[PDB]
Amino acid sequence: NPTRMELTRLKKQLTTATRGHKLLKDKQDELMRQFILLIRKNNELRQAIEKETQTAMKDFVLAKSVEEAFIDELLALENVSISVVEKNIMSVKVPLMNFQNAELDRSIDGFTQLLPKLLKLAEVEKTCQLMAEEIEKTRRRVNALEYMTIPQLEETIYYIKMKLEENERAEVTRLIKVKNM
Amino acid sequence: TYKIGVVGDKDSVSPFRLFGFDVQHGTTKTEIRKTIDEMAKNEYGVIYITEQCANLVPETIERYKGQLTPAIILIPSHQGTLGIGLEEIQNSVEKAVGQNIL
Amino acid sequence: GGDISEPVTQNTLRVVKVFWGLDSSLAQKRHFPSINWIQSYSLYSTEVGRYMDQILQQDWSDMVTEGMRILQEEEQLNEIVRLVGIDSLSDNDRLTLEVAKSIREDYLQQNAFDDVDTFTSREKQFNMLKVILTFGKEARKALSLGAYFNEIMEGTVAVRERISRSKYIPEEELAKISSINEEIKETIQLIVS
Amino acid sequence: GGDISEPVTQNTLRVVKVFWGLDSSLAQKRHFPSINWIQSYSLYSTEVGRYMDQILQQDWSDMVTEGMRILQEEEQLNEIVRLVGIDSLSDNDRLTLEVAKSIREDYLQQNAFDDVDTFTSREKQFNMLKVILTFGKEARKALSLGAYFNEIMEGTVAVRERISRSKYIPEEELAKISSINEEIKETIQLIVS
Amino acid sequence: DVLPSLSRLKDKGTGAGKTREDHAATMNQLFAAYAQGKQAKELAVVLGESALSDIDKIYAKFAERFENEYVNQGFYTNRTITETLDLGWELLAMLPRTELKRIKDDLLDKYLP
Amino acid sequence: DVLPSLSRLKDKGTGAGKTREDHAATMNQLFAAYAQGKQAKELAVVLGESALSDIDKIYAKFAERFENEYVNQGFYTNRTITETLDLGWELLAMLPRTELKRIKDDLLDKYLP
Amino acid sequence: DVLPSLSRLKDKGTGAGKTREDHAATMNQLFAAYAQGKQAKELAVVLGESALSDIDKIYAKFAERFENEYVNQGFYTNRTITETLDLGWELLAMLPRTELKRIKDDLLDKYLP
């Protein structure tokens, strides 16, 4: 194990590992800043849409208390779906989403107005979830290098370096003995 | 093209059926978990769910968090929220940034 | 330098069956005796296990094996916590750490200069380990019955504190240790409800 | 210990002209012959390359240089992957690793105990290396044409299996190797469209 | 640890009429699968189970079952060579057939479940 | 750095008649609180300030004053043992009395400011 | 490998009258861009092509061409110093004028293609 070829190679792995640690740490920081912008937008969006949705819901429940027979009929008969396009925010794959009675009538226009903001919430909230996961995956790679890989390289280099010197002294000690023979 | 699903109590999420959303009305941890799993299996793009139903299946929702689709979006009922959606946002800030940035 | 690869330690381990490796990091952490429970070994463990099972008429060897399995799993889990943080572990893994924690500081850690903790009888040792292992056993079942890790810890503050004091229970009052088992079963079942 | 810095190997390398360095790591994963392609060298490579170019009437020298260059590139990529992961690797780098993998497993690895694989003629060697490089070249073009690495790999399972088993094709049936070049180009173009 | 272990006299003592015809092929495929699976496990334990490709995740599980069920048999367990070879096949059946490159089609068709 | 530092014979030079009766208890408590304080500080470094509980924040602040006011005294300042012990009680008062588990109630009632 | 290679008397045999006036400046510039380009290649492997700027992708391409066309000349190719200096400028021409910092605009306007 402790040869000079191993020493030079492990010293090279340390330099690379040190640089990789710095690059990954910078990446995590860059992802964090972009996340900060997105997560604030996520917060504001959610707070607003939560108030609007519940209000639209409370207006519909006040309309219900006609009969459950008629309300069931109206809620039977356009089909809306969504397209999901992928885009990259730095290194992260992220979705882009777009859509494809009297008192009980006004409430319908209430839910219909929610939809654009409800889809926007889905898009932004998912984006932040995906950004957060990338931050954590970057963090694990940083911690692997910082707390495992680099210290193991440092300690092994120090050890081999010491062992090489010990053997060199034992070798000259033998030569001095052989000399006197 | 992806479908949209909704999970919550009848009185709250019924009008979503007007737009052709898969509106389900689960009330127990078992049935709500089944619906989300099948919806995910059927390649739904977004799944909206009331916080009262989401409060019963936190481990199911957490499984799809790092997935592109479906996006499991917590919404209120006509009673309100449990503050879970805003707590999840708040929590992600704490572990990504390290301090309250909101 | 504490490096056991040197000739004296190596030649000794060639002919002895028991290795108590002392640890400097444990000594700094006030963990005494400072025996590294991951690196240490005894090649008499299996034979002693048979002797103990016979003399105690209990499944002692299984308890010792389970206790070491938990400590070994703790070492694996601690590497994950170092990388991702403790909040990333499941409830089952969070429980394993707490049980390992109980083993470490309620059982392994022993004060030589404390009048009661300085010596632990064979009978007392059995009762202490049994109680520690029972908590983990009952808590494990609670998790599979729908209880959450946080709920289990919050509702078992009093009994866990009692487990951690069992090392100081006098040798003539060992009934106070064994009775912790029932208290564990009671409180946890109540938490499930 | 496999340490080539010892006097016998070192003094020998000063007077011989070819070095076939055997590797323990290759031997353990049953990669035979376990010749380290990064450590090894031949001072006759350039002259032999000229001879082969003339015999084959092909650019054999270039193919060998390109083969070794891919292997050297894989080595540099692996230095990062080991201490970072395959997470952030581009499609081009992933293609490089696949081509190098093909060079290692489909060309370098050779079973002395197989009746056909035990010996490979110059012409069969040329055709096998040609095929391997051709896949890399065609896949490379497809990437620049907007095709994804994942798509290129999934659509070329059948043809890459033919490459993997080229080493077992009889010397009298070398046309079954050379024809692979046309399947590579046809299949990959279909993926582009 | 089968990876740094070796036998230099295994070729002429195995095969048809000695053990079974699938002996050498399965031995090579098991070695290759284990070396790759052991590598994947060690990566997953440090960089996460989601850091492995879809196929390496299969190899990681193989190396685990290999150590726990194949290598680990007990100091008082005596397996016939047929039992050993059949068990080897059950583990290789975990991998996609396309990954079994050390084994020819004739053996795969005959023994692979 | 008091964390890796140690005196093995310290018991033979402390306590009533030698220093003061509260010597050993406060020492055990100060060392324990400082180790927990440093642990909380390192946690804030790697995971952020929001990773600490309200108690962890108190211990972290304790470790700061311990270093800045207690350990740090200057190279030309002589502190009597009485001054050292009194200063130790000032830092311990930061922590909730319920957290001073290494000190019995008789010593807490008498000395705690 | 030009990075660890060194000539300690190089400044004594170069310049106007000896080689050409753009000798020292282009040497420092080629050295800087080569080391920077190698760093860029490494960055692409560590963080992906996502992390590369447009300037970064050029330096990476510079280092590639530098090894393959400048350093790799062949064992039977005899380049005059003029041809060598001119090839240096053709490689430096890949970079924006903004990046050519170690070269005074005086000689940059005279030689840059």
# chains A, B, ... in the order shown; residues from 1 in each chain; ligands from 1

call {"tool": "residues_around", "arguments": {"residues": "stretch 76-78 of chain C", "least_positions_apart": "2", "cutoff": "12 Å", "atoms": "only C-alpha atoms", "output": "list in words"}}
result
residues 38, 69, 70, 71, 72, 73, 74, 80, 81, 82, 83, 84, 85, 86, 87, 88, 89, 90, 92, 93, 94, 95, 96, 97, 98, 100 and 101 of chain C; 45 and 46 of chain E

call {"tool": "closest_atom_pairs", "arguments": {"of": "chain B", "to": "chain F", "cutoff": "6 Å", "atoms": "only C-alpha atoms", "output": "Markdown table"}}
result
| residue | atom | partner | partner_atom | distance |
| --- | --- | --- | --- | --- |
| B:94 | CA | F:50 | CA | 5.8 |
| B:98 | CA | F:48 | CA | 3.9 |
| B:99 | CA | F:50 | CA | 5.2 |

call {"tool": "write_last_selection", "arguments": {"atoms": "N, CA and C atoms", "output": "mmCIF file, in the first residue's frame"}}
result
data_model
loop_
_atom_site.group_PDB
_atom_site.id
_atom_site.type_symbol
_atom_site.label_atom_id
_atom_site.label_comp_id
_atom_site.auth_asym_id
_atom_site.auth_seq_id
_atom_site.Cartn_x
_atom_site.Cartn_y
_atom_site.Cartn_z
ATOM 1 N N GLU B 94 -36.223 26.906 5.739
ATOM 2 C CA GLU B 94 -35.328 26.720 6.876
ATOM 3 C C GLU B 94 -34.171 25.768 6.579
ATOM 4 N N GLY B 98 -31.422 28.373 5.745
ATOM 5 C CA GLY B 98 -30.876 28.344 7.090
ATOM 6 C C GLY B 98 -31.511 29.343 8.038
ATOM 7 N N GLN B 99 -32.275 30.278 7.484
ATOM 8 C CA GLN B 99 -32.983 31.268 8.285
ATOM 9 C C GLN B 99 -34.268 31.672 7.580
#

call {"tool": "calpha_fit_and_write", "arguments": {"fixed": "chain D", "moving": "chain C", "output": "compact mmCIF listing (two decimals) with C-alpha atoms, in the first residue's frame"}}
result
# COMPACT_ATOMS: atom_id res chain seq x y z
CA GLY C 1 3.24 -6.50 -3.63
CA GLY C 2 2.93 -5.67 -7.32
CA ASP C 3 5.18 -2.66 -6.76
CA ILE C 4 7.10 -2.09 -10.01
CA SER C 5 9.59 0.34 -8.44
CA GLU C 6 11.74 -2.61 -7.34
CA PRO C 7 15.15 -3.28 -9.03
CA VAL C 8 14.26 -6.23 -11.28
CA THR C 9 11.30 -4.54 -13.00
CA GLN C 10 13.12 -1.19 -13.17
CA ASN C 11 16.33 -2.56 -14.68
CA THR C 12 14.29 -4.58 -17.16
CA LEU C 13 12.24 -1.58 -18.29
CA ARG C 14 15.53 0.19 -18.91
CA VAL C 15 16.27 -2.16 -21.83
CA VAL C 16 12.90 -3.45 -23.12
CA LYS C 17 10.43 -1.50 -25.26
CA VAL C 18 7.23 -3.29 -24.21
CA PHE C 19 5.59 -3.25 -20.78
CA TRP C 20 2.47 -5.33 -20.10
CA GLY C 21 1.54 -4.36 -16.55
CA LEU C 22 -0.79 -6.93 -15.02
CA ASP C 23 -3.41 -5.67 -12.58
CA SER C 24 -4.88 -7.37 -9.51
CA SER C 25 -8.04 -5.26 -9.43
CA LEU C 26 -8.80 -6.24 -13.03
CA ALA C 27 -8.20 -9.90 -12.17
CA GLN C 28 -10.69 -9.66 -9.31
CA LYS C 29 -13.20 -8.02 -11.67
CA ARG C 30 -12.83 -10.97 -14.06
CA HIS C 31 -11.22 -8.68 -16.66
CA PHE C 32 -8.87 -10.98 -18.61
CA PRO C 33 -6.16 -10.63 -19.72
CA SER C 34 -5.52 -8.39 -16.71
CA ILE C 35 -3.41 -5.86 -18.60
CA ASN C 36 -3.65 -2.30 -17.26
CA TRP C 37 -4.30 -0.32 -20.45
CA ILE C 38 -3.44 3.00 -18.80
CA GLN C 39 -0.05 1.99 -17.36
CA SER C 40 1.07 -0.38 -20.12
CA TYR C 41 2.97 0.77 -23.21
CA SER C 42 4.74 -0.40 -26.34
CA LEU C 43 7.48 1.70 -27.90
CA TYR C 44 6.88 -0.32 -31.09
CA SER C 45 3.35 1.12 -31.47
CA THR C 46 4.27 3.86 -33.95
CA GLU C 47 6.34 1.60 -36.20
CA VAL C 48 3.75 -1.18 -35.99
CA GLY C 49 1.08 1.40 -36.82
CA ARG C 50 2.86 2.19 -40.09
CA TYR C 51 3.25 -1.52 -40.89
CA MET C 52 -0.42 -2.19 -40.18
CA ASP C 53 -1.66 0.77 -42.23
CA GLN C 54 0.40 -0.52 -45.14
CA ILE C 55 -0.57 -4.20 -44.91
CA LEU C 56 -4.27 -3.54 -44.21
CA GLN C 57 -4.54 -0.53 -46.51
CA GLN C 58 -6.69 1.02 -43.78
CA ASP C 59 -6.30 3.86 -41.28
CA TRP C 60 -5.52 1.39 -38.50
CA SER C 61 -3.09 3.59 -36.56
CA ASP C 62 -5.71 6.35 -36.31
CA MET C 63 -8.24 3.83 -35.00
CA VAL C 64 -5.83 2.55 -32.35
CA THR C 65 -5.00 6.13 -31.35
CA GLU C 66 -8.69 7.04 -31.09
CA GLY C 67 -9.46 3.91 -29.05
CA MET C 68 -6.75 4.78 -26.53
CA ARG C 69 -7.85 8.42 -26.38
CA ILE C 70 -11.31 7.24 -25.35
CA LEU C 71 -9.92 4.95 -22.64
CA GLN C 72 -7.72 7.77 -21.32
CA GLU C 73 -10.69 10.14 -21.28
CA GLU C 74 -12.69 7.44 -19.47
CA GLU C 75 -10.11 7.41 -16.67
CA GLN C 76 -10.54 11.17 -16.31
CA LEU C 77 -14.34 10.92 -16.39
CA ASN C 78 -14.36 8.10 -13.82
CA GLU C 79 -12.60 10.37 -11.32
CA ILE C 80 -15.43 12.89 -11.76
CA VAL C 81 -18.11 10.21 -11.34
CA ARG C 82 -16.42 9.18 -8.08
CA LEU C 83 -16.79 12.74 -6.78
CA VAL C 84 -20.09 14.03 -8.18
CA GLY C 85 -21.87 10.95 -9.49
CA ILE C 86 -22.54 9.84 -13.06
CA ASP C 87 -25.75 11.88 -13.33
CA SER C 88 -23.69 15.09 -13.42
CA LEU C 89 -22.00 14.34 -16.76
CA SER C 90 -23.20 15.83 -20.05
CA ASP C 91 -24.62 13.62 -22.80
CA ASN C 92 -21.31 13.84 -24.67
CA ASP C 93 -19.41 12.54 -21.64
CA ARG C 94 -22.01 9.85 -20.98
CA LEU C 95 -21.40 8.61 -24.53
CA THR C 96 -17.63 8.49 -24.09
CA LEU C 97 -18.07 6.22 -21.07
CA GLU C 98 -20.31 3.81 -22.99
CA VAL C 99 -17.87 3.68 -25.91
CA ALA C 100 -15.01 3.11 -23.46
CA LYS C 101 -17.16 0.43 -21.82
CA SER C 102 -17.65 -1.24 -25.19
CA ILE C 103 -13.89 -1.17 -25.83
CA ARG C 104 -13.17 -2.66 -22.40
CA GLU C 105 -15.61 -5.59 -22.44
CA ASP C 106 -16.22 -6.19 -26.16
CA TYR C 107 -12.57 -5.91 -27.21
CA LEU C 108 -9.98 -5.86 -24.39
CA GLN C 109 -11.63 -8.65 -22.40
CA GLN C 110 -10.79 -11.97 -24.04
CA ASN C 111 -11.45 -15.52 -22.82
CA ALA C 112 -8.43 -17.77 -23.33
CA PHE C 113 -10.53 -20.88 -22.71
CA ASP C 114 -13.21 -20.14 -25.30
CA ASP C 115 -12.70 -21.92 -28.64
CA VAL C 116 -13.41 -18.81 -30.73
CA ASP C 117 -12.40 -16.02 -28.34
CA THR C 118 -9.02 -17.66 -27.63
CA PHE C 119 -7.58 -16.31 -30.88
CA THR C 120 -8.55 -13.28 -32.94
CA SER C 121 -7.08 -12.85 -36.41
CA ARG C 122 -5.60 -9.55 -37.58
CA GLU C 123 -8.50 -9.13 -40.00
CA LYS C 124 -11.12 -9.95 -37.36
CA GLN C 125 -9.51 -7.47 -34.93
CA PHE C 126 -9.83 -4.71 -37.52
CA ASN C 127 -13.52 -5.39 -38.09
CA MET C 128 -14.31 -5.54 -34.37
CA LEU C 129 -12.56 -2.28 -33.51
CA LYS C 130 -14.03 -0.57 -36.59
CA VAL C 131 -17.57 -1.45 -35.51
CA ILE C 132 -17.03 -0.32 -31.90
CA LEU C 133 -15.60 2.98 -33.14
CA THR C 134 -18.38 3.45 -35.69
CA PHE C 135 -21.06 3.30 -33.00
CA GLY C 136 -19.34 6.08 -31.07
CA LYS C 137 -18.90 8.09 -34.27
CA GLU C 138 -22.55 7.79 -35.32
CA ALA C 139 -23.81 8.38 -31.77
CA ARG C 140 -21.61 11.48 -31.46
CA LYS C 141 -23.19 12.95 -34.59
CA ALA C 142 -26.65 12.09 -33.29
CA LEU C 143 -26.01 14.16 -30.16
CA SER C 144 -24.96 17.17 -32.23
CA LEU C 145 -28.13 16.79 -34.31
CA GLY C 146 -30.37 17.17 -31.27
CA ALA C 147 -30.75 13.57 -30.11
CA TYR C 148 -30.40 12.88 -26.38
CA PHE C 149 -28.08 10.29 -24.81
CA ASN C 150 -30.94 8.38 -23.18
CA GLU C 151 -32.78 8.09 -26.49
CA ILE C 152 -29.68 6.78 -28.29
CA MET C 153 -29.07 4.02 -25.75
CA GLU C 154 -32.72 2.88 -25.59
CA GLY C 155 -33.00 2.56 -29.37
CA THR C 156 -29.70 0.74 -29.88
CA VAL C 157 -30.11 -2.17 -27.46
CA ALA C 158 -30.14 -4.81 -30.20
CA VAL C 159 -27.14 -3.52 -32.16
CA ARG C 160 -24.97 -2.98 -29.07
CA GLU C 161 -25.70 -6.54 -28.01
CA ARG C 162 -24.58 -7.68 -31.45
CA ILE C 163 -21.32 -5.72 -31.17
CA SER C 164 -20.67 -7.43 -27.84
CA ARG C 165 -21.01 -10.87 -29.47
CA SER C 166 -18.74 -10.17 -32.45
CA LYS C 167 -15.77 -11.68 -30.59
CA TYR C 168 -17.44 -15.09 -30.94
CA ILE C 169 -18.11 -14.80 -34.68
CA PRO C 170 -16.16 -17.54 -36.52
CA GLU C 171 -13.14 -16.49 -38.61
CA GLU C 172 -14.90 -17.60 -41.80
CA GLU C 173 -17.98 -15.46 -41.10
CA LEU C 174 -16.27 -12.08 -40.63
CA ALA C 175 -18.86 -10.55 -42.97
CA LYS C 176 -21.26 -10.77 -40.02
CA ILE C 177 -19.04 -8.33 -38.13
CA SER C 178 -18.55 -5.78 -40.91
CA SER C 179 -22.30 -5.66 -41.62
CA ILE C 180 -22.92 -4.34 -38.10
CA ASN C 181 -21.64 -0.98 -39.36
CA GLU C 182 -24.65 -0.48 -41.63
CA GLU C 183 -27.04 -1.53 -38.85
CA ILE C 184 -25.49 1.10 -36.60
CA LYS C 185 -25.92 3.82 -39.24
CA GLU C 186 -29.54 2.80 -39.88
CA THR C 187 -30.88 2.58 -36.32
CA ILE C 188 -29.23 5.79 -35.11
CA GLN C 189 -30.47 7.82 -38.10
CA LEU C 190 -33.94 6.45 -37.33
CA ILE C 191 -33.59 7.59 -33.71
CA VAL C 192 -32.79 11.12 -34.90
CA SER C 193 -36.09 11.04 -36.83

call {"tool": "residues_around", "arguments": {"residues": "stretch 82-93 of chain F", "least_positions_apart": "4", "cutoff": "12 Å", "atoms": "only C-alpha atoms", "output": "VMD selection string"}}
result
chain F and resid 14 to 16 18 to 34 58 to 59 61 to 73 77 to 78 97 to 103 107 to 113

call {"tool": "select_by_dssp", "arguments": {"residues": "stretch 27-98 of chain E", "states": "helix (DSSP H, G or I)", "output": "VMD selection string"}}
result
chain E and resid 27 to 47 49 to 51 54 to 71 81 to 92 97 to 98

call {"tool": "residues_around", "arguments": {"residues": "residue A:79", "least_positions_apart": "6", "cutoff": "10 Å", "atoms": "only C-alpha atoms", "output": "MDAnalysis selection string"}}
result
(chainID A and resid 100) or (chainID B and resid 3 17:21)

call {"tool": "closest_atom_pairs", "arguments": {"of": "chain E", "to": "chain D", "cutoff": "6 Å", "atoms": "only C-alpha atoms", "output": "Markdown table"}}
result
| residue | atom | partner | partner_atom | distance |
| --- | --- | --- | --- | --- |
| E:3 | CA | D:28 | CA | 5.0 |
| E:4 | CA | D:28 | CA | 5.6 |
| E:32 | CA | D:29 | CA | 5.5 |
| E:35 | CA | D:29 | CA | 5.6 |

call {"tool": "atom_distance", "arguments": {"atom1": "atom CA of residue A:101", "atom2": "atom CA of residue A:68"}}
result
13.0 Å

call {"tool": "closest_atom_pairs", "arguments": {"of": "chain A", "to": "chain D", "cutoff": "8 Å", "atoms": "only C-alpha atoms", "output": "Markdown table"}}
result
| residue | atom | partner | partner_atom | distance |
| --- | --- | --- | --- | --- |
| A:1 | CA | D:1 | CA | 7.7 |
| A:3 | CA | D:3 | CA | 7.4 |
| A:13 | CA | D:79 | CA | 7.5 |
| A:16 | CA | D:80 | CA | 7.6 |
| A:17 | CA | D:83 | CA | 6.3 |
| A:20 | CA | D:84 | CA | 7.2 |
| A:141 | CA | D:84 | CA | 6.4 |
| A:145 | CA | D:83 | CA | 7.1 |
| A:149 | CA | D:83 | CA | 7.4 |

call {"tool": "closest_residue", "arguments": {"among": "A:139, A:58, A:177, A:120", "to": "chain B", "atoms": "only C-alpha atoms"}}
result
A:58

call {"tool": "interface_residues", "arguments": {"of": "chain B", "to": "chain C", "cutoff": "12 Å", "atoms": "only C-alpha atoms", "output": "NGL selection string"}}
result
:B and (29-30 or 56-59 or 62 or 91-92 or 94-96)

call {"tool": "closest_atom_pairs", "arguments": {"of": "chain A", "to": "chain F", "cutoff": "12 Å", "atoms": "only C-alpha atoms", "output": "CSV"}}
result
residue,atom,partner,partner_atom,distance
A:25,CA,F:46,CA,12.0
A:136,CA,F:47,CA,11.2
A:139,CA,F:46,CA,10.1
A:140,CA,F:46,CA,11.8
A:142,CA,F:46,CA,11.0
A:143,CA,F:46,CA,9.5
A:146,CA,F:46,CA,11.2
A:147,CA,F:46,CA,11.5

call {"tool": "atom_distance", "arguments": {"atom1": "atom CA of residue A:50", "atom2": "atom CA of residue B:87"}}
result
13.3 Å

call {"tool": "closest_atom_pairs", "arguments": {"of": "chain B", "to": "chain A", "cutoff": "10 Å", "atoms": "only C-alpha atoms", "output": "CSV"}}
result
residue,atom,partner,partner_atom,distance
B:1,CA,A:83,CA,4.7
B:2,CA,A:82,CA,5.2
B:3,CA,A:81,CA,5.1
B:4,CA,A:81,CA,6.3
B:5,CA,A:81,CA,9.9
B:10,CA,A:61,CA,10.0
B:11,CA,A:61,CA,6.2
B:12,CA,A:57,CA,5.5
B:13,CA,A:57,CA,7.7
B:14,CA,A:75,CA,7.3
B:15,CA,A:75,CA,6.6
B:16,CA,A:111,CA,7.5
B:17,CA,A:75,CA,6.1
B:18,CA,A:75,CA,5.8
B:19,CA,A:79,CA,5.4
B:20,CA,A:79,CA,4.5
B:21,CA,A:80,CA,7.4
B:44,CA,A:82,CA,9.3
B:45,CA,A:82,CA,7.0
B:46,CA,A:122,CA,7.0
B:47,CA,A:122,CA,8.8
B:48,CA,A:122,CA,8.6
B:64,CA,A:129,CA,9.9
B:65,CA,A:129,CA,6.3
B:66,CA,A:130,CA,5.7
B:67,CA,A:130,CA,7.4
B:68,CA,A:95,CA,6.8
B:69,CA,A:95,CA,8.5
B:70,CA,A:126,CA,9.0
B:71,CA,A:126,CA,5.9
B:72,CA,A:122,CA,7.7
B:73,CA,A:122,CA,6.1
B:74,CA,A:50,CA,9.2
B:75,CA,A:50,CA,6.4
B:76,CA,A:54,CA,5.9
B:77,CA,A:54,CA,6.0
B:78,CA,A:54,CA,5.1
B:79,CA,A:54,CA,7.4
B:80,CA,A:54,CA,6.3
B:81,CA,A:50,CA,8.0
B:85,CA,A:46,CA,7.9
B:86,CA,A:43,CA,7.1
B:88,CA,A:129,CA,9.8
B:89,CA,A:43,CA,6.8
B:90,CA,A:43,CA,8.4
B:92,CA,A:132,CA,7.0
B:93,CA,A:39,CA,7.5
B:95,CA,A:132,CA,8.8
B:96,CA,A:32,CA,6.5
B:97,CA,A:32,CA,6.4
B:101,CA,A:36,CA,7.3
B:102,CA,A:40,CA,5.9

call {"tool": "atom_distance", "arguments": {"atom1": "atom CA of residue B:55", "atom2": "atom CA of residue B:23"}}
result
18.0 Å
